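What follows is a pair of forms of the same protein chain, given separately as structure tokens and numbered structure 1 and structure 2.
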Structure 1
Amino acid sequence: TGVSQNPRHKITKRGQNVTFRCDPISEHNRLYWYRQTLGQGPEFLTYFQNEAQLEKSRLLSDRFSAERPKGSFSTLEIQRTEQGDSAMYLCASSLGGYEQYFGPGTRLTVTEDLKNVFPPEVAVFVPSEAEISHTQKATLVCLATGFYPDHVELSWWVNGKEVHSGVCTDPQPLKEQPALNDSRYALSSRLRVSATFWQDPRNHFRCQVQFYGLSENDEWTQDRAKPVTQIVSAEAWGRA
């Protein structure tokens, strides 16, 4: 669209202060801030026109401060974050009352403790002989499990090249322990090729899961590896 937002993803421990940035389309004098919770539509937080803040919604916590610090760009500060702050924070820009152009958004997850943050474990499930003999097609199943938060990006790679044909990932990840508030997630995806293509031992198939974790500035005091932004992959080779 031309509207930029950073960070794209953010994990904070409850009670910590968080700041988001929006870089609008240069010519646009108007800048909007919206909050979007799961299943709901975007909710107006505040808006600027040039150097001036025009309106802030009546139902907007004293914990929120939106500023235009050095010209075009805007910052959104949320102090003492709580679980209810976990949302997609959207930014929009326009030339007055005309067409609003939206940014990619900031995915904010407010966790109880950063120890609840886990990267995914990725596995590839090889096509069944029964599927091959019944359809002359071969389906690969990717299983990304035990990740928190649900900040993931799944992609399939065939012989070092990303594929978009014969692919479908689940609409949203599923909670492993739906009873728990800081439950880990599981996500699956499928890649379907012909039996012929799978039977060729020269073919390589990789499921790549991009995970958005902790930043370099985050403190970690645990025996396990620091769950930073990383790629976790699983791979399979063809067989007759």
Structure 2
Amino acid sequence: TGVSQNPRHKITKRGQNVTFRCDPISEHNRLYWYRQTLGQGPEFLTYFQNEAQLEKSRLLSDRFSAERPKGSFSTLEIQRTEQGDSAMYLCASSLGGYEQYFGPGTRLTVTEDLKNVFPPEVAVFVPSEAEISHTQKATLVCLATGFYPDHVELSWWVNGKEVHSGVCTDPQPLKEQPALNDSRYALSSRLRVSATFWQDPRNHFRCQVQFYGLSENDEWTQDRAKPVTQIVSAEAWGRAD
């Protein structure tokens, strides 16, 4: 759209400050911030005309602080974060008060404790002989488990090239412990190919899960490895067995 936002993902501990940035379309005089929580319409936060903040949602408190110091980029700071702040934060701009063009968002998860953050374990499950016999097709299943927050991107790679045909991925991760706070998550994806393509030992299949985790400047005092942003993959080679 021409509107940029950073960071795309943010994980933070409750009780801290976080700052997001929006870079609107050049020359656009108007800038808007909205919040969108799980399964809902966006809700207005604040509006700038040039550098002046001229409307703010009454539902929100002093701990939200937005600025647009040069009438260009804007920052939104959330002070004293709470778990209820977990949401997508969307910026939009308009040239002079007509069509609003939206940025790609910042997805914020506020956690109780950074010790709740874990990257995914990833496994590939290989096609059923019974499927191959019945359908002449072969489905691989990728399973990413035990991750938190739910900020992941899954892709499939066949012989070193990303594929989209024959793939589908769950649109949302499921909770592994839905009655538990900061439950970890699981996500599955399928890649289906012809049986002949799977049965060839020359073919290589990889499921890749990009995890967005802690940043370089995040403190880490736990004994286990720091759950930083990282890729975790699983893979299988074809075979006639």
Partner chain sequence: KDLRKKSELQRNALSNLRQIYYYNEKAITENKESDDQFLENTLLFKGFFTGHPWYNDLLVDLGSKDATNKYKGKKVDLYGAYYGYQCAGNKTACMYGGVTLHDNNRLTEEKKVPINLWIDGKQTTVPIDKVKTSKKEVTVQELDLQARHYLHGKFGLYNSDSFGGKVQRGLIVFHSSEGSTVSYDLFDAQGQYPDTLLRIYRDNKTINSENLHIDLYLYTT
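Each form is matched to the other, and the largest set of C-alpha atoms that superpose within 1.5 Å is called the rigid core. Only residues modelled in both forms are compared. All residue numbers here follow the sequence of structure 1, with the first residue given the number 1.
S.K.: Give me a 1 or a 2 for the form solved without its partner chain.
M.R.: Of the two, structure 2 is the form solved without its partner chain.
S.K.: Return yes or no for residue 71: a CA shift of at least 2 Å between structures 1 and 2, with the rigid core superposed?
M.R.: Indeed, residue 71 is displaced by 2 Å or more.
S.K.: May I ask for the C-alpha shift of residue 190 between structures 1 and 2, in Å, based on superposition of the rigid core?
M.R.: It moves 0.2 Å at the C-alpha.
S.K.: Once you lay the two forms on top of each other by their rigid core, how far has the C-alpha of residue 97 moved between structures 1 and 2, in Å?
M.R.: So the C-alpha of residue 97 has moved 2.1 Å between structures 1 and 2.
S.K.: Give me the C-alpha shift of residue 53 between structures 1 and 2, core superposed, in Å.
M.R.: Rounded to one decimal, the shift is 1.2 Å.
S.K.: With the core fixed, which bits of the chain, 3+ residues long, show every Cα moving 2 Å or more between structures 1 and 2?
M.R.: Residues 69-71 form the single run that moves by 2 Å or more between structures 1 and 2.
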